[PDB]
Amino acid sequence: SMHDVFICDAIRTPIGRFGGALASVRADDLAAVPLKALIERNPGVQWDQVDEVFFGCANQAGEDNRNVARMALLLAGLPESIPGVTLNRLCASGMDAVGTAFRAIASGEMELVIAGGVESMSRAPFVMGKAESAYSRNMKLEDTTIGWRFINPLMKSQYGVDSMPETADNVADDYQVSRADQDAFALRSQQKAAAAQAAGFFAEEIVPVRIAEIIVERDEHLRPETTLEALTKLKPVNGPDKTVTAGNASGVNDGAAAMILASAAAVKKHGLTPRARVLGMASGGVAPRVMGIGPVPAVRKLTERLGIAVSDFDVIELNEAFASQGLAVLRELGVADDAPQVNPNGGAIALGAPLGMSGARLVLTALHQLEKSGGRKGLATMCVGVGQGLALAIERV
């Protein structure tokens, strides 16, 4: 029979800007920061009993290569007996790590696990295919920071290779999400994040990154100075007849997060504090060219299976890849554009979105918000490049 699974302690680094405060920190070292903090914060745990470290990471070409979960656990000082595995569902990878950890415990195969994710987009490398012939004249370098590389002509002909901003424009057009509404959403994100930062809400989630000594402690991507007037003046990324701008989109960023999941038996054995029970995770696919609407089938699949209406959640943490798609998703699910339970502390337009980290951040910040507000059920959901969505539901204990 199935086992209940509890999220326990959870922690994250600050999120850095591209080329900013964390740009010097290798991805594997960055991933190790939250793992080391979990060790320090949870002295009752017998660490050689960790069954697995599951980490999300979208890139894996740079210093996050060759299974960054295992690299990170060894750099964190966890025993060499502890296994690790790295998951890739692009911007959803960190959420997938939590849900995969959940499934491993629920199915009785493990008792005590760490789930998290990482991305260093600053340090994403360039890649060069091998020569396909002697003295080939066709060598090319490609940036892996974000988006398409090594484009397959068959993918392009069948589905297109729209950039992520192009897809967000496509959602704005197809779902009729105005520029004005996008900018209003982006402003609320900045305003709510600024409030939460000043209130110390993010500080409770954050462990500092030491750079050897400089100490990085605050989320750097926020623009509390944002006004509607300033957003209105920005030019769309893809031309004047379009709507997505740098100001109504998330950024490219660096960060890591991690949390402990445990069975009821492991909670007691390790002296953990159970904070939420995981209820379930679901995934859904959509057309690549409207990848931002991906959350809608994921949320519907998960909520229909669990028998929970979207309106039953006390917090919804909806990834803000682009305001156009966040608004489109809310509208498809029948939730108001400014519904109080949605992103109450702001989201990725203010905070940034290091791909592999962001899904683990959404879960842990949803739990944090449930604790602050005394709410019960929380939903975290996010879109995925090339047309998917992922949704995960928790309940505060």
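One rule holds for the numbers: they count along the sequence shown, beginning at 1.
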Between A212 and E213 - deposited residues without coordinates, as a size class: 4 to 9
Stretch with the higher entry mean CA B-factor, where the candidates are 302 to 310 and 316 to 324: 302 to 310
Per the entry, higher mean C-alpha B factor between 84 to 92 and 231 to 239: 231 to 239
Residue, from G116, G108, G255, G99, that the PDB entry assigns the highest Cα B-factor: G108
Criterion, highest CA B-factor; candidates, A199, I260, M291, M121: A199
Ranked against its chain, the third holding the CA B-factor of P125: lowest
Chain thirds of CA B-factor: placement of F185: lowest
Modelled-residue ranking by C-alpha temperature factor, third containing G280: lowest
Among modelled residues of the same chain, the CA temperature factor third for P34: middle
Chain-relative CA temperature factor third for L73: lowest
